[PDB]
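First the proteins, then the strands, lettered A, B, ... as listed; each starts at 1.
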Amino acid sequence: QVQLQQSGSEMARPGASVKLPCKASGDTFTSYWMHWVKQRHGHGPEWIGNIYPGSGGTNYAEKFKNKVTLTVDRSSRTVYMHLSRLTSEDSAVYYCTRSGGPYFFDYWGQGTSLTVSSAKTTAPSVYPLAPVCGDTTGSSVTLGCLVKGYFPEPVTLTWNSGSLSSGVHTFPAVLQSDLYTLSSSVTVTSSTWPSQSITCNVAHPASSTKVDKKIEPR
Amino acid sequence: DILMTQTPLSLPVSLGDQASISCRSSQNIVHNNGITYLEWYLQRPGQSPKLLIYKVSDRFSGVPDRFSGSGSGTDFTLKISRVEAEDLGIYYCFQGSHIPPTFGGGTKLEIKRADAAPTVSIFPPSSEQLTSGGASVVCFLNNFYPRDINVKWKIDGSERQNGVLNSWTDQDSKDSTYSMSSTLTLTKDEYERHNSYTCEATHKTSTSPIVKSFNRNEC
Ligand SMILES: [Cl-]
């Protein structure tokens, strides 16, 4: 039951550099190769290189030979990937995974979403979406949450702090006019709302903002 | 570098039917130790890839036996018998016999299910956004199939095409449906200059669109 711990996301400026961590707990970490893989959207992932924590040693794909450096901290069981001279083409998700035995990559970190941009960070506006005022009650009711005008991605939206997860649809953010906008809908029986509380929680790490919006009848 | 060519790009398959995904390597991928490190991964949007098949035909722990890998030389095949709802996502072949290890371009498996009409809900601007000076009208078209769907916005009976932002969710892993969110953004003044707002969903499940509307000054 090994677990690779990676930071969810990160933003960096062009020309700058970043150092992404991956903590290999559970055990070993010494007798297993650790790999870093890149993935843009849903394209086939791309191997960056690997490092053997046990006796040190690294291998890099030619493409990332001059741009990446892998290091390790044995005392914290953590591997790092240093990416330099960052450009918009480095914007993607970076996974750490391990190889060893008859198969490669049996365990993966959640992946770190990196955004390389010079644009400024903008916290989002979060608007509660209650049904049309006075609409006829049905056996079920659909509520919404609109998160508008933020940068960069991502935001983490939950309902009732994660407690309400079924009947939920959180739509992929869309970029328009340099700012992102996303929405989420949650459907519950009309005996659940407005009788019980339903709140939209939006976290935006880039700006360290955490906003909650209760949904009540108009 | 070994080029892994995977086909098809998209694979629509009926629940219960068999899915067949192909992958060809640009060269021999048998490691010197005699082992062919050809693997198949399955990734759901927003999640890390999961290993399904390794060493060409070995099933990783916990993988249903309806998943089967085969092949040799430069041609490999992943077959999924009796496709189930939870099999959705993008499949990638992978070779780890030669450095650098390389992945195929991926095959997105779409689950075919019975037609389902969307459940449409329209939402007027929240009072908080109005205070801000803007006005977004939201329309949710939930749990429908197939994915092809159209939304048209109308203001006082007249079509409005500018200021619209559409976003589709990824196919549902449980009921195999899709959902779509459409948002019409206006200025508060523009919003207050009209009263009737409408989103009409046109989907193959019906000759006529599903219409949802409201009057701004009504409750
Ligand atoms: Cl105006």
Participant: Which bit of B:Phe123 is near chain A, if near means a heavy-atom gap under 4.5 Å: side chain, backbone, both or neither?
Facilitator: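 It is both, since atoms from each part get that close.
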Participant: Is B:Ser121 close to chain A through its backbone or its side chain, or both, or neither, when contacts mean heavy atoms under 4.5 Å?
Facilitator: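 Side chain of B:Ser121 only, per the 4.5 Å heavy-atom cut-off to chain A.
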Participant: Which bit of A:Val126 comes within less than 4.5 Å of chain B, counting heavy atoms only: side chain, backbone, both or neither?
Facilitator: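 Interface part for A:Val126: backbone (N, CA, C, O).
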Participant: Is B:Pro125 close to chain A through its backbone or its side chain, or both, or neither, when contacts mean heavy atoms under 4.5 Å?
Facilitator: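 Answer is backbone: N, CA, C or O of B:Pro125 sit under 4.5 Å from chain A.
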Participant: Within 45° of the axis and under 6.0 Å from the centre of the six-membered ring of A:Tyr32, does NZ or CZ of A:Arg98 qualify?
Facilitator: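 Yes, A:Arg98 and A:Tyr32 form such a contact.
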Participant: Chain B heavy atoms under 4.5 Å from A:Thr170: which part of the residue, side chain, backbone, both or neither?
Facilitator: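 For A:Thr170, backbone heavy atoms alone lie under 4.5 Å from chain B.
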Participant: Do A:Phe105 and B:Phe94 make the cut of ring centroids closer than 6.0 angstrom?
Facilitator: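 Close enough - the centres of the two rings lie under 6.0 Å apart.
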Participant: Report the option among A:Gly111, A:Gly144, A:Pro128, A:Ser99 that has the most heavy-atom pairs separated by less than 4.5 Å from atoms of chain B.
Facilitator: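 Between A:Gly111, A:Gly144, A:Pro128, A:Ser99, the count favours A:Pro128.
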Participant: Identify which part of B:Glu218 has an atom lying under 4.5 Å from any heavy atom of chain A, answering side chain, backbone, both or neither.
Facilitator: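 Just the backbone, heavy atoms under 4.5 Å.
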Participant: One thing to verify: whether B:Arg44 and B:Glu86 come together as a salt bridge, which I'm taking to mean a side-chain N less than 4.0 angstrom from a carboxylate O.
Facilitator: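 B:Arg44 and B:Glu86: not salt-bridged.
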Participant: If the plane angle is over 60° it's perpendicular, under 30° parallel, otherwise tilted; pick one for A:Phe171 and A:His169.
Facilitator: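 Rings of A:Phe171 and A:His169: tilted, 30 to 60°.
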Participant: Count the heavy-atom pairs under 4.5 Å between each of A:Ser125, A:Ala130, A:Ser113, A:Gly109 and chain B, then report the option with the highest count.
Facilitator: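 Ranked by contacts with chain B, first place is A:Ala130.
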Participant: Please rank A:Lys213, A:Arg218, A:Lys148, A:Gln176 by heavy-atom pairs under 4.5 Å with chain B and give me the top one.
Facilitator: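 Highest number of heavy-atom pairs under 4.5 Å: A:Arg218.
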Participant: Measure distances from B:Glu39 to the heavy atoms of chain A and classify the residue's part below 4.5 Å as side chain, backbone, both or neither.
Facilitator: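 The side chain, not the backbone.
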Participant: Can you tell me which portion of A:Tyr103 sits under 4.5 Å from chain B's heavy atoms? Options are side chain, backbone, both or neither.
Facilitator: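 Contact with chain B involves both backbone and side-chain atoms of A:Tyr103.
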Participant: Does any heavy atom of chain A fall under 4.5 Å from the side chain of B:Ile122, the backbone, both, or neither of them?
Facilitator: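 For B:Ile122, the contact with chain A is made by backbone and side chain together.
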Participant: Measure A:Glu62 against the heavy atoms of chain B and call it side chain, backbone, both or neither at under 4.5 Å.
Facilitator: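 Contact with chain B is absent: no heavy atom of A:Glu62 under 4.5 Å.
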Participant: What residue in B:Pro100, B:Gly106, B:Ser179 has the most heavy-atom pairs under 4.5 Å with chain A?
Facilitator: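 Top option by heavy-atom pairs under 4.5 Å: B:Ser179.
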Participant: Of the backbone (N, CA, C, O) and the side chain (C-beta and beyond), which part of B:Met180 lies under 4.5 Å from a heavy atom of chain A, both, or neither?
Facilitator: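 Only the backbone of B:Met180 comes within 4.5 Å of chain A.
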Participant: If we only count heavy atoms from C-beta on, is the B:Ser26 to B:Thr74 side-chain gap below 4.5 Å?
Facilitator: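 A side-chain contact is absent here, since even the closest heavy-atom pair is not under 4.5 Å.
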Participant: Given the options A:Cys133, A:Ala61, A:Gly134, which has more heavy-atom pairs under 4.5 Å with chain B than any of the others?
Facilitator: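 Among the listed options, the one with the most contacts to chain B is A:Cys133.
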Participant: Are B:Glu200 and B:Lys154 close enough for a salt bridge, meaning some N to O gap below 4.0 Å?
Facilitator: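 A salt bridge is present here (some side-chain N lies under 4.0 Å from a carboxylate O).
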Participant: Of the backbone (N, CA, C, O) and the side chain (C-beta and beyond), which part of A:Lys63 lies under 4.5 Å from a heavy atom of chain B, both, or neither?
Facilitator: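 The answer is neither part of A:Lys63.
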Participant: Which of the residues A:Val37, A:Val132, A:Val93 is involved in the greatest number of heavy-atom pairs with chain B at under 4.5 angstrom?
Facilitator: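 So the answer, after comparing A:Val37, A:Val132, A:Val93, is A:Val132.
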Participant: Within the supplied structure, the quantity of interest is the number of heavy atoms (other residues, nucleotides, ligands) at a distance under 6.0 Å from A:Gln5 CD; does it exceed 12?
Facilitator: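 No, not enclosed.
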Participant: Quick one: what part of B:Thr119 sits under 4.5 Å from any heavy atom of chain A, side chain, backbone, both or neither?
Facilitator: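 Contact with chain A involves no heavy atom of B:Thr119 at all.
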Participant: Between A:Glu46 and A:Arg40, is there a salt bridge with N-O shorter than 4.0 Å?
Facilitator: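 No.
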Participant: Between chain B and each of A:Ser183, A:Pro102, A:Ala173, A:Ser140, count heavy-atom pairs under 4.5 Å; write down the option with the most.
Facilitator: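 The candidate making the most pairs under 4.5 Å is A:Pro102.
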Participant: Counting only pairs under 3.5 Å, give me each side-chain donor-acceptor contact of residues 135-149 of chain B, with atom names and distances, residues two or more places apart or in other chains.
Facilitator:
{"from": "B:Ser136", "atom 1": "OG", "to": "B:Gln129", "atom 2": "NE2", "distance (Å)": "3.1"}
{"from": "B:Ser136", "atom 1": "OG", "to": "B:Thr185", "atom 2": "OG1", "distance (Å)": "3.1"}
{"from": "B:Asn142", "atom 1": "ND2", "to": "A:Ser185", "atom 2": "OG", "distance (Å)": "3.3"}
{"from": "B:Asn143", "atom 1": "ND2", "to": "B:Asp175", "atom 2": "OD2", "distance (Å)": "3.0"}
{"from": "B:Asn143", "atom 1": "ND2", "to": "B:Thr177", "atom 2": "OG1", "distance (Å)": "3.3"}

Participant: Hey, are B:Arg193 and B:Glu190 close enough for a salt bridge, meaning a charged N less than 4.0 Å from a carboxylate O?
Facilitator: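 Yes, this pair counts.
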Participant: Less than 4.5 Å to any heavy atom of chain B: does that hold for the side chain of A:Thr97, its backbone, both, or neither?
Facilitator: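 Neither part; nothing is under 4.5 Å.
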Participant: Looking only at heavy atoms and a cut-off of under 4.5 Å, which of B:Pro49, B:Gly96, B:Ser126 has the most pairs with chain A?
Facilitator: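 Most heavy-atom pairs within the cutoff with chain A belong to B:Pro49.
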Participant: Measuring heavy-atom distances to chain B, does A:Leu129 have an atom under 4.5 Å in its side chain, in its backbone, in both, or in neither?
Facilitator: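 Looking at A:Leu129, backbone and side chain both touch chain B.
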Participant: Check the angle between the aromatic planes of A:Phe104 and A:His35 and answer parallel, tilted or perpendicular using the 30° and 60° thresholds.
Facilitator: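 Ring orientation of A:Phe104 relative to A:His35: tilted.
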Participant: Would you say the side chain of A:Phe29 lies within less than 4.5 Å of the side chain of A:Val79, judging by non-hydrogen atoms?
Facilitator: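 Contact flag for A:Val79/A:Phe29 side chains = yes.
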Participant: Specify whether B:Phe67 and B:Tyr91 have parallel, tilted or perpendicular ring planes, treating 30° as the upper limit for parallel and 60° as the lower limit for perpendicular.
Facilitator: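 Ring orientation, 0 to 90° scale: tilted.
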Participant: A:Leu143 versus chain B, heavy atoms under 4.5 Å apart: side chain, backbone, both or neither?
Facilitator: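 Just the backbone, heavy atoms under 4.5 Å.
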Participant: Assert yes or no for the condition that the ring centre distance of B:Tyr191 to B:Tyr197 is strictly below 6.0 Å.
Facilitator: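 Yes, they do, as the ring centres are separated by less than 6.0 Å.
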